[PDB]
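Taking the form deposited in one PDB entry, here's one chain by itself in structure tokens.
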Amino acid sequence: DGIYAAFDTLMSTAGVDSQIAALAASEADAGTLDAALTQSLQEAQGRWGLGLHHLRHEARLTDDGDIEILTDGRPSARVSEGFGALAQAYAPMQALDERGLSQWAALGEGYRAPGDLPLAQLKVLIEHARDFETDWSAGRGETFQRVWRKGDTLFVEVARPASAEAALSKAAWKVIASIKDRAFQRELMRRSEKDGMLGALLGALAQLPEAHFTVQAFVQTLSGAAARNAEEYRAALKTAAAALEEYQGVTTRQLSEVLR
């Protein structure tokens, strides 16, 4: 179950407990496995902060027993090629500004409401518009928020962009601070002075998916009448911010564990 386990780690870098290997162990058929893979990939895309909401992300089993990742049904990458390869495949499809926020609109071509829109106007849009989308707006705790509705589903995205290097540095900091051996810790803190906690931990990388994917956002979804309710929108925004916090903490602790 090598490819299944690799997909499991790829999902775990986004805080997704896909359990794909366990599902394959239960003699699940190709369709059920593909549906689970696609659901996990969509969940992880909602958290990676790549800004590809305009594309349909799917994952399927191939004839040779591999897992293929596709965008809009177009073959994008395969797991056997490595996680860095899949990041390289995703890169040209992205468009990021200096803040790490996606410049693409989730609804594609069409009007986009300004990010500095007053809350009363946003309430009007929520209650009475058909489809709408807002640009990135500043939020609490150095985060950014936006919202868009497609059909009968309202998506609220809260993002704090973060490079993989920063998360690796934070995890290495925590790991170095948590070392029980005094002399070993003093040596690592000494090497850190010269090569960062990066070369401190490594001296004591691309294969690990955490070097390419880290949690940067979270998308919460409302459906039905809840999609047209301001109370539900605010509740979803709060839950999305809390989920971003929780999943970033989970991923940083997981990275610390894997570096230990």
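We number the residues from 1 along the sequence you see. Rigid core (definition): largest C-alpha set, two forms, superposition within 1.5 Å.
This next part talks about the form deposited in another entry, which is not shown.
With the rigid core aligned between the shown form and the other one, the listed residues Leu188, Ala159, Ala106, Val147 include just one Cα displaced by at least 2 Å, namely that of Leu188.
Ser178 is among the residues whose C-alpha shifts by 2 Å or more between the shown form and the other one once the rigid core is aligned. For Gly65, a C-alpha deviation below 2 angstroms is recorded between the shown form and the other one after rigid-core alignment. After superposition on the rigid core, the Cα of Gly199 moves by 2 Å or more between the shown form and the other one. Distance between the C-alpha atoms of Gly141 and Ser178: shorter by at least 3 Å in that other deposited form than in the displayed form. The distance between the CA atoms of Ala91 and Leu255 is at least 3 Å longer in that other deposited form than in the form shown here.
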